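One structure is given here, and the rest of the page talks about it.
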Amino acid sequence: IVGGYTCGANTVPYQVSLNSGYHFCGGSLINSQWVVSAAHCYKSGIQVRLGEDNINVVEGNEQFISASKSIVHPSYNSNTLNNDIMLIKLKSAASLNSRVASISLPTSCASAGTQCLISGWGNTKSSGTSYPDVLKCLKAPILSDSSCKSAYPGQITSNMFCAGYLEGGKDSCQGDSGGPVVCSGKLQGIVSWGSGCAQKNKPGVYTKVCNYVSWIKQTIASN
Amino acid sequence: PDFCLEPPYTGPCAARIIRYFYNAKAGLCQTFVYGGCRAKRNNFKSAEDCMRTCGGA
Ligand SMILES: [Ca+2]
């Protein structure tokens with residue numbers, strides 16, 4: 001997260017880290033056994049780390065639980081990035097508490113201008129590389145589909161939205177993928193892609209979760 | 001054009017996945033951050049794979 005702020009320990013209790021010997025993506029806890037992330041975060045052998053703040057230290061509220069299933073959307077297109085969503089089943093159910101909690105799925109799509117919270121352990125520099133110890137947060141608005149298409153001609157599908165600031169300086173970045181965009185207590189987005197990080201005229205692009213709610217519920221239930 | 005001589009490509013996705021690329025200036029396979037999509041060919045999951053494909057380019 002570039003241009004954000006330190007969340008505070010366990011203030012985003014649905015945020016998880018996906019670990020393959022190191023942190024490589026985020027995700028969002030949606031019930032005690034299931035996490036939502038990005039399809040491009042697929043790896044075999046994922047360990048989900050819940051209750052994290054400092055990801056480089058064991059602080060006392062962590063739960064480390066291996067993935068038992070990592071299910072990419074059956075129509076994910078690795079060229080166009082359409083349908084960039086994945087569901088991870090936990091091998092055992094997480095213990096839910098004040099520091100480990102699920103986030104609700106949306107009941108309807110969010111509109112342009114709606115303010116959201118984006119979080120992750122990704123790079124904090126727009127030029128260069130600095131990875132944080134603790135979780136970072138950013139407040140950013142959903143942008144219009146028209147503005148998103150203007151920023152990225154030919155690239156934005158009905159399952160994507162832009163969020164952020166056209167002047168630059170505030171965005172998601174490498175290591176934030178798969179993590180949450182939460183608006184009014186609902187998971188509306190998944191960190192997906194962009195053009196650089198926090199560059200002028202190049203807002204971040206996010207998977208539009210409201211389009212997948214029926215698929216998420218049915219897939220969870222049939223696995 | 002030898003794909004082993006191309007600079008490493010992070011791409012547009014926002015993962016932080018460690019991959020290998022052949023660094024012809026240094027003469028060795030090195031790590032870099034791959035964003036998770038649209039990989040170019042100078043991008044390997046292990047140093048062994050990179051050395052096998054590109055070593056001595
Ligand atoms: Ca920790």
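Reckoned from all heavy atoms, side chains included, excluding hydrogens, waters and symmetry mates. Letters A, B, ... are given to chains in the order of the sequence lines, protein chains preceding strands, and every chain is numbered from 1.
Of the listed residues (B/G35, B/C37, B/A15), the one with the most heavy-atom contacts under 4.5 Å to chain A is B/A15. Interface summary for chain B: among A/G194, A/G204, A/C25, the most heavy-atom pairs under 4.5 angstrom belong to A/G194.
When atom types are taken as modelled, the side chain of A/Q174 and the backbone of B/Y34 share no donor-acceptor pair closer than 3.5 angstrom. The closest donor-acceptor contact from the side chain of A/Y131 to the backbone of B/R16 lies at 3.5 Å or more, if one exists at all.
The 12-atom threshold is not exceeded at OH of B/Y20, counting heavy atoms of other residues, nucleotides or ligands nearer than 6.0 Å.
Neither the backbone nor the side chain of A/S195 comes within less than 4.5 Å of any heavy atom in chain B. Heavy-atom distances place the backbone of A/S78, and not its side chain, under 4.5 Å from chain B. Proximity to chain B is absent for every atom of A/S37, based on heavy atoms less than 4.5 angstrom apart.
Here SG of A/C41 is found 6.5 Å from CD1 of B/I17. Values are rounded to the nearest 0.5 Å. Going from atom NZ of A/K43 over to atom NZ of B/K45 covers 7.0 Å, rounded to the nearest 0.5 Å.
Nearest heavy-atom pair across B/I18 and A/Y22 is N-OH, 2.9 Å.
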